[PDB]
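Here is the structure we will look at.
2 protein chains.
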Amino acid sequence: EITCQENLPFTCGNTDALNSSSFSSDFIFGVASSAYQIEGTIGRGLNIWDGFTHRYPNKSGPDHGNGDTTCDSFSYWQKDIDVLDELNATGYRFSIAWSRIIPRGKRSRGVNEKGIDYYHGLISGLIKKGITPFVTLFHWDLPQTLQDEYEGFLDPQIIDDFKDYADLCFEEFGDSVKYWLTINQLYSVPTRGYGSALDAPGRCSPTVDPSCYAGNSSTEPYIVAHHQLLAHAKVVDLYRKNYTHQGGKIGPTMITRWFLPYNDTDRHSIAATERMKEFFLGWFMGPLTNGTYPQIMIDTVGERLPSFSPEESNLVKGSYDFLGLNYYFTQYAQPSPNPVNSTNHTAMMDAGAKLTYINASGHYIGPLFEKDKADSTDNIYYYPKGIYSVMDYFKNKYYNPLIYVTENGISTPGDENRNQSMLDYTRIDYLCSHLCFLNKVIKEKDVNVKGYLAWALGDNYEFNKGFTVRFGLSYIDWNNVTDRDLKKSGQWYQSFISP
Amino acid sequence: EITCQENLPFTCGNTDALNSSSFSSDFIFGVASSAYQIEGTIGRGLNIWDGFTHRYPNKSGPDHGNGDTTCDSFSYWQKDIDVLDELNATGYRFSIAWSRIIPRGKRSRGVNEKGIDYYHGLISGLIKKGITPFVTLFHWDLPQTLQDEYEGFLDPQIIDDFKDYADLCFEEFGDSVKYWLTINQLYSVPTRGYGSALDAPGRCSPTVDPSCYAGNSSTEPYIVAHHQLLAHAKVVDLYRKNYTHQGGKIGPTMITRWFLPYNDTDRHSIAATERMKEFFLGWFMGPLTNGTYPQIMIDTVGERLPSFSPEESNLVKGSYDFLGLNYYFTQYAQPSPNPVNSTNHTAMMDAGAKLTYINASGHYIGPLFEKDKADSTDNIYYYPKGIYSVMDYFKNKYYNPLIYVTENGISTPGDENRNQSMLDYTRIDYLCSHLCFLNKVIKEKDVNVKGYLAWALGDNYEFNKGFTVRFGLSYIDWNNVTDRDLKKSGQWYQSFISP
Ligand SMILES: *[C@@H]1O[C@H](CO)[C@@H](O[C@@H]2O[C@H](CO)[C@@H](O[C@@H]3O[C@H](CO)[C@@H](O)[C@H](O[C@H]4O[C@H](CO)[C@@H](O)[C@H](O)[C@@H]4O)[C@@H]3O[C@@H]3OC[C@@H](O)[C@H](O)[C@H]3O)[C@H](O)[C@H]2NC(C)=O)[C@H](O[C@@H]2O[C@@H](C)[C@@H](O)[C@@H](O)[C@@H]2O)[C@H]1NC(C)=O
Ligand SMILES: *[C@@H]1O[C@H](CO)[C@@H](O[C@@H]2O[C@H](CO)[C@@H](O[C@@H]3O[C@H](CO)[C@@H](O)[C@H](O[C@H]4O[C@H](CO)[C@@H](O)[C@H](O)[C@@H]4O)[C@@H]3O[C@@H]3OC[C@@H](O)[C@H](O)[C@H]3O)[C@H](O)[C@H]2NC(C)=O)[C@H](O[C@@H]2O[C@@H](C)[C@@H](O)[C@@H](O)[C@@H]2O)[C@H]1NC(C)=O
Ligand SMILES: *[C@@H]1O[C@H](CO)[C@@H](O[C@@H]2O[C@H](CO)[C@@H](O[C@@H]3O[C@H](CO)[C@@H](O)[C@H](O)[C@@H]3O[C@@H]3OC[C@@H](O)[C@H](O)[C@H]3O)[C@H](O)[C@H]2NC(C)=O)[C@H](O[C@@H]2O[C@@H](C)[C@@H](O)[C@@H](O)[C@@H]2O)[C@H]1NC(C)=O
Ligand SMILES: *[C@@H]1O[C@H](CO)[C@@H](O[C@@H]2O[C@H](CO)[C@@H](O[C@@H]3O[C@H](CO)[C@@H](O)[C@H](O)[C@@H]3O[C@@H]3OC[C@@H](O)[C@H](O)[C@H]3O)[C@H](O)[C@H]2NC(C)=O)[C@H](O[C@@H]2O[C@@H](C)[C@@H](O)[C@@H](O)[C@@H]2O)[C@H]1NC(C)=O
Ligand SMILES: *[C@@H]1O[C@H](CO)[C@@H](O[C@@H]2O[C@H](CO)[C@@H](O)[C@H](O)[C@H]2NC(C)=O)[C@H](O)[C@H]1NC(C)=O
Ligand SMILES: *[C@@H]1O[C@H](CO)[C@@H](O[C@@H]2O[C@H](CO)[C@@H](O)[C@H](O)[C@H]2NC(C)=O)[C@H](O)[C@H]1NC(C)=O
Ligand SMILES: *[C@@H]1O[C@H](CO)[C@@H](O)[C@H](O)[C@H]1NC(C)=O
Ligand SMILES: *[C@@H]1O[C@H](CO)[C@@H](O)[C@H](O)[C@H]1NC(C)=O
Ligand SMILES: *[C@@H]1O[C@H](CO)[C@@H](O)[C@H](O)[C@H]1NC(C)=O
Ligand SMILES: *[C@@H]1O[C@H](CO)[C@@H](O)[C@H](O)[C@H]1NC(C)=O
Ligand SMILES: *[C@@H]1O[C@H](CO)[C@@H](O)[C@H](O)[C@H]1NC(C)=O
Ligand SMILES: *[C@@H]1O[C@H](CO)[C@@H](O)[C@H](O)[C@H]1NC(C)=O
Ligand SMILES: *[C@@H]1O[C@H](CO)[C@@H](O)[C@H](O)[C@H]1NC(C)=O
Ligand SMILES: *[C@@H]1O[C@H](CO)[C@@H](O)[C@H](O)[C@H]1NC(C)=O
Ligand SMILES: *[C@H]1O[C@H](CO)[C@@H](O)[C@H](O)[C@H]1NC(C)=O
Ligand SMILES: *[C@H]1O[C@H](CO)[C@@H](O)[C@H](O)[C@H]1NC(C)=O
Ligand SMILES: *[C@H]1O[C@H](CO)[C@@H](O)[C@H](O)[C@H]1NC(C)=O
Ligand SMILES: *[C@H]1O[C@H](CO)[C@@H](O)[C@H](O)[C@H]1NC(C)=O
Ligand SMILES: [Zn+2]
Numbered sequence: 003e004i005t006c007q008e009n010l011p012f013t014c015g016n017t018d019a020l021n022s023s024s025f026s027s028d029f030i031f032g033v034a035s036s037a038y039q040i041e042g043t044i045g046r047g048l049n050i051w052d053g054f055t056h057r058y059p060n061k062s063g064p065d066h067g068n069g070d071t072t073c074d075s076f077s078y079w080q081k082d083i084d085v086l087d088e089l090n091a092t093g094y095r096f097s098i099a100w101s102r103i104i105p106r107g108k109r110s111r112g113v114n115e116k117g118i119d120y121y122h123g124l125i126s127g128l129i130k131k132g133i134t135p136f137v138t139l140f141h142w143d144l145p146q147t148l149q150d151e152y153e154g155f156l157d158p159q160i161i162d163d164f165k166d167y168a169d170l171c172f173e174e175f176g177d178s179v180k181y182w183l184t185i186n187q188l189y190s191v192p193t194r195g196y197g198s199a200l201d202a203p204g205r206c207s208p209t210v211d212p213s214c215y216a217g218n219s220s221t222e223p224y225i226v227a228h229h230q231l232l233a234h235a236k237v238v239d240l241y242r243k244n245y246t247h248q249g250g251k252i253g254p255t256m257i258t259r260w261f262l263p264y265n266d267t268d269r270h271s272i273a274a275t276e277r278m279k280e281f282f283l284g285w286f287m288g289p290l291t292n293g294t295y296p297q298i299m300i301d302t303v304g305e306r307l308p309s310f311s312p313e314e315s316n317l318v319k320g321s322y323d324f325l326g327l328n329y330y331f332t333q334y335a336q337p338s339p340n341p342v343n344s345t346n347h348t349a350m351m352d353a354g355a356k357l358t359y360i361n362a363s364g365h366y367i368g369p370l371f372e373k374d375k376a377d378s379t380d381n382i383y384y385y386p387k388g389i390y391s392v393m394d395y396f397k398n399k400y401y402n403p404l405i406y407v408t409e410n411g412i413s414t415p416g417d418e419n420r421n422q423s424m425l426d427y428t429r430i431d432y433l434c435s436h437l438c439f440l441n442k443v444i445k446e447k448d449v450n451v452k453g454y455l456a457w458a459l460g461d462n463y464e465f466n467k468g469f470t471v472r473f474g475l476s477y478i479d480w481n482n483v484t485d486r487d488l489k490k491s492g493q494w495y496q497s498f499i500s501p
Numbered sequence: 003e004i005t006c007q008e009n010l011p012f013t014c015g016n017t018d019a020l021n022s023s024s025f026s027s028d029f030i031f032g033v034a035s036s037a038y039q040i041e042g043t044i045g046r047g048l049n050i051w052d053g054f055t056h057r058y059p060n061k062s063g064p065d066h067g068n069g070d071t072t073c074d075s076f077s078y079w080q081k082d083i084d085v086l087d088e089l090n091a092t093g094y095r096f097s098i099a100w101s102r103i104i105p106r107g108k109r110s111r112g113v114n115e116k117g118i119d120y121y122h123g124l125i126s127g128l129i130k131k132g133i134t135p136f137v138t139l140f141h142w143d144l145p146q147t148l149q150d151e152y153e154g155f156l157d158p159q160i161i162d163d164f165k166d167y168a169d170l171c172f173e174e175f176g177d178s179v180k181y182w183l184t185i186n187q188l189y190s191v192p193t194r195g196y197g198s199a200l201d202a203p204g205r206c207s208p209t210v211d212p213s214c215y216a217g218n219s220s221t222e223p224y225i226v227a228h229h230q231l232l233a234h235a236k237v238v239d240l241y242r243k244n245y246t247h248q249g250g251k252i253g254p255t256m257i258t259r260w261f262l263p264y265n266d267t268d269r270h271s272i273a274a275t276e277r278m279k280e281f282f283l284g285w286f287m288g289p290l291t292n293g294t295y296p297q298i299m300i301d302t303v304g305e306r307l308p309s310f311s312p313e314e315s316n317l318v319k320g321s322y323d324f325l326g327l328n329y330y331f332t333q334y335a336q337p338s339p340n341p342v343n344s345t346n347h348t349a350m351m352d353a354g355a356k357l358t359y360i361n362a363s364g365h366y367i368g369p370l371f372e373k374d375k376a377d378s379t380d381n382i383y384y385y386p387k388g389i390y391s392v393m394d395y396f397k398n399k400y401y402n403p404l405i406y407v408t409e410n411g412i413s414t415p416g417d418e419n420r421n422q423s424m425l426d427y428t429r430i431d432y433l434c435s436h437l438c439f440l441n442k443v444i445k446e447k448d449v450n451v452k453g454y455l456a457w458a459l460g461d462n463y464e465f466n467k468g469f470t471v472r473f474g475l476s477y478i479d480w481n482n483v484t485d486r487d488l489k490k491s492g493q494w495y496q497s498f499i500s501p
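Chains as they are written, first to last, in full-length UniProt numbering: chain A, 3 to 501; chain B, 3 to 501.
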């Protein structure tokens, strides 16, 4: 019987009690990163994260930081491999920058052979240290040219351009890469990029944010979500029909959260909780497992929800070998109105739920996850048992999928100094508490989870936050980015992996 | 009789001897700037200078600086108007960022109304202080989307996109703007952008620079030059047929240089000097005055020189109301081989000339213009009489055009400290020595020159050099860019204007 803690103080930092041997022998342990966040713009074309962060610098982060140079993994990719080698990691999730290998977006316009060689060298270096690559084709960094030609994922033209890009990656790297991710966190771009305009490309309704250059927060999230599923399923079909000889697997990435009722004896809050599961996970998991959106979405969203043709439904249904599940936290849900006729209506209001970290009796769900200095009532809190609840739900609701945990981690403030930054005990507590529950859910519920990749390998540019928060297991000095030095967390993870 | 000095020391800094009253009463005096160099990326889409400086940071300048924030004329445009008001300037040359008003390049994709309002406010502010705007439509900052769709000026698709962009500018601002420039320095993009790859977009032959993403240095300069002339002439036709009611004038910008023989008794060097005039000025001035390229270019460049159809020849011939002439320096010319079959052949070798600042007897042409710290034998030297020689040549060879001097100025090192930077006596000597010759040529040769705009209003990002050189008449502190403080040069120019 496995007992895991839910509240501070935790004791899972002790490698005598929890380590890699607690898990099956073939289980993969590593870390993750993304191209915009770590490489720098040297050697690549421009993408919508470059566009968004330069056009709307106060949305890039409070320091106006961006990915122009960041930790310079373009130059220091060998140092990333060295961190992984130090950890004795068996996996590394990284993304390919579309704009580094096809700067002009559409593959018929030509490829950047030097950009292809950059990834060849990385992949070869990983494999030579025994590290299995998990490669994300699209981690939000769409070539700027495609957004300007047709508004990227807002248009169905994106399916064929994404397909041709994916084909080039499979042709070039698939002899060595056996685990591919298509689109990072399907829920994110639609909602933050086209609903709230917190993320690139920064579209939304005029009264939601007057700085959006265009958009409609009520309709566009649904259009983008739909084209994301079609483009993902087209690439999966391509992979499975034309690259089956490479012996690899492919899947989407979901951002996952667990949801609990704000008031667990109030039927209205209980209903809002179940609505949240459908609108946040089922929006994509319904199409991925059944080829249709959830009935509550069909009913509520009405004419604003696109339909799949029979051919598209068949293409999208079952379009995964595995699921990359990212997990960070859990929210309480209570009812909220859905004012569809308001000019500031957003797709996110369709779920009819208001999300908090404090329930109706004043209980905070768990330890502090992220402090919000502008508004402290907006602090985010974590909940280690949520990873257990998510995994169990995916096995039970979504046909017992093979799962890899593709992201899991916590930030510490960028205002801390080096020493404080290195002594990141809050990060050991977060990582170990979630690893305990993950082991518990694998053993108790038999969820087919086969790996775990913590967010992040090193400090990087954080979407929306600049360099004001740090997520790395390895520290990077922004005045001289060459080195990546294991933090207390990285050292702890090293001993968890090789106890 | 006017006597002007050619060698240090100069005495034209004395406003008793040379001032604005030395020139006709209607003569316009001011300063100039360009959008990429001063505004910052806030509020606009991305262009090829953003692309080039981020993809090839060591080509952006030795400090890797770029135009991301620069002096923040987006925020501080009122402070630029204040500098002009302090100078009692009567003209200001600025450029419109295509990417600020049409971020998606093609006008049918929509316009950025807030970007239009930015220029409305500037123009209105200038006119209210009695300053005549001279507005450059294209100062090299092509929306990145157009370079990625069809390689910008390499393709004839650029003509109609440039035309639609120009139309929008005339419609929006032409009721107030009466002097328009089409393309800044026609010789520059073809040669530096597509021949040497020193400038965006950074194309060239593989053995010229292995870092070019594509190109051909022998052919591409000619293609781009040709499309530049066609796009320029299309816009001029549009202006003169559809916006004649606005009562304004339009013209191209040429970079001008004078050329002297390396050895003035050697017929080979004399021939190389005359070749240089044709290949550097006649490349564009031949088409602009006659609808054909110079015969020496037709003969030497052969199949690599495009031909104008009769319709295109007619469109391009006479396509100017005035000429914007930029002038900085003069070179000696001697013969050099033209190895057309070499893989590193460039369009610039077609002239069969090698350019220096020192003649065959060891005479340096004039005072120091720019020091080159990597290689001192590469220092550039200036020649005040060259402005006289250029103006006289344009009147005599090119049908007595109306001319405005659209750029003239000198850099000082970015390594100097504030105090040294402010005491920019070398800049007063450069500006006054050229103004003396300009007055002399207007009086002696009756050249129809009606204004002079010194390069630059303030310190900015310098193409190819970052923030390592300063060209401003007003100082900007890079640790806090709000203020623009008149240097010794700006104060001298203030007294030259209002003695
Ligand atoms: C897994 O995919 C199955 C489809 O392959 C889902 O079953 C389908 O569910 C739909 C309803 O969503 C059933 O379609 C209904 O068919 C009747 C009967 O002929 C309809 O009137 C109803 O159409 C009306 O309601 C719609 C909203 O649902 C409106 O959009 C429409 O304008 C009408 O108001 C709907 O008919 C559809 O109408 C729109 C068409 O373009 C569409 O093709 C048409 O089918 C459908 O019969 C059913 N298919 C079968 C083979 O059973 C399945 O849905 C789950 O199971 C069914 C039994 C219902 O209980 C659903 O509520 C529940 O979601 C889904 N499973 C999951 C878990 O999502
Ligand atoms: C101002 O524009 C005038 C054109 O409106 C120029 O005059 C034209 O000059 C061209 C030569 O460049 C003369 O064309 C020649 O016509 C003969 C006679 O029929 C040709 O064989 C010669 O073609 C051959 O030489 C070419 C290189 O010049 C090659 O490309 C071609 O393959 C042949 O090798 C050329 O004929 C032209 O060939 C290419 C065709 O597609 C083209 O249309 C055809 O014309 C032309 O007759 C002449 N036009 C008239 C009305 O005079 C004028 O050129 C200047 O003046 C003329 C007299 C010559 O001295 C030129 O050397 C000199 O540049 C130009 N002025 C300026 C100052 O540039
Ligand atoms: C968890 O949700 C439950 C279920 O909603 C909350 O209990 C309900 O709380 C209501 C108070 O907000 C109770 O209703 C009231 O009852 C008093 C006593 O008779 C009456 O005077 C009030 O007018 C009110 O009655 C309602 O008026 C509106 C009508 O539309 C409606 O029909 C009436 O319900 C209600 O009885 C109670 N439900 C039951 C199942 O207990 C619970 O609220 C917390 O506990 C309740 C007992 C009460 O002490 C609340 O003060 C306290 O907030 C809520 N828990 C939390 C922690 O918010
Ligand atoms: C400015 O250009 C002029 C014209 O080219 C230079 O003068 C020429 O310089 C040549 C030396 O480079 C002279 O030719 C030589 O004459 C000596 C004396 O007879 C002879 O022994 C040499 O072999 C050579 O002769 C040539 O050999 C190559 C053959 O293909 C050719 O037919 C011969 O010309 C040449 O006489 C002279 N031209 C005349 C018009 O004076 C001038 O050079 C400078 O002045 C000349 C006088 C000489 O003192 C050079 O040392 C000195 O560089 C050059 N000016 C500069 C400053 O470079
Ligand atoms: C978002 O787009 C939707 C659909 O185009 C707009 O909602 C429609 O608004 C038109 C104009 O009132 C109405 O006649 C229809 O009833 C609406 N259709 C549906 C599907 O709701 C909505 O106004 C647009 N929002 C923004 C802010 O532009
Ligand atoms: C530049 O483009 C030109 C023309 O396409 C190339 O020169 C041609 O080269 C082909 C292959 O040798 C020759 O057969 C022709 O004689 C050339 N044409 C002319 C007009 O010169 C040149 O090789 C290309 N340069 C680069 C470096 O790719
Ligand atoms: C690993 O953790 C397990 C508890 O599940 C423990 O039994 C084992 O001894 C630990 N391994 C080491 C080497 O500490
Ligand atoms: C696969 O590749 C072949 C040949 O390149 C092509 O004919 C076929 O349509 C492709 N695709 C898919 C996704 O099946
Ligand atoms: C618009 O929405 C904001 C936040 O969603 C809300 O605070 C405000 O009350 C809404 N206004 C209207 C007119 O509904
Ligand atoms: C690496 O991990 C393998 C597998 O668990 C282990 O046998 C080996 O000793 C570890 N190496 C280090 C240096 O920890
Ligand atoms: C301006 O310069 C001219 C010389 O051309 C001189 O005669 C005149 O007095 C000067 N003006 C003033 C006010 O110094
Ligand atoms: C001018 O505008 C009119 C109407 O918009 C158009 O029909 C005509 O073709 C345009 N152009 C030029 C360059 O003449
Ligand atoms: C190539 O050109 C460079 C500079 O233009 C020159 O130094 C070199 O000698 C040339 N090589 C060949 C093979 O011509
Ligand atoms: C501005 O220039 C005009 C025209 O020469 C002049 O009359 C006026 O006094 C000048 N103002 C200042 C403050 O120098
Ligand atoms: C930040 O910038 C946008 C324009 O990019 C502007 O709408 C907004 O006022 C600014 N936000 C704040 C909070 O200052
Ligand atoms: C920066 O860090 C690297 C690795 O720690 C070091 O070797 C290099 O000398 C440092 N550069 C400077 C300028 O300090
Ligand atoms: C600078 O960068 C380019 C790649 O952008 C590379 O080809 C070249 O080696 C570098 N230049 C120097 C002088 O280091
Ligand atoms: C920077 O300069 C402006 C103008 O000189 C000044 O008013 C502002 O206070 C300064 N900001 C800082 C942080 O020094
Ligand atoms: Zn930047």
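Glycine included, each C-beta is placed from N, C-alpha and C at the ideal position.
Taking the alpha-carbon positions, what's the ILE499/B to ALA91/B distance? 7 Å
With a Cβ-Cβ cutoff of 7 Å, do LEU86/A and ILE50/A count as a contact? no
Which of helix, strand or coil DSSP assigns to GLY117/A: helix
For the alpha helix (DSSP H) that contains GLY492/B, what are its first and last residues? 490-499
Determine the closest residue to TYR384/B out of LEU10/B, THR348/B and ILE4/B, with distance taken between C-alpha atoms. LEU10/B
Using a 10 Å radius around the Cβ and a threshold of 16 neighbouring Cβ atoms, would you call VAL443/B buried or exposed? buried
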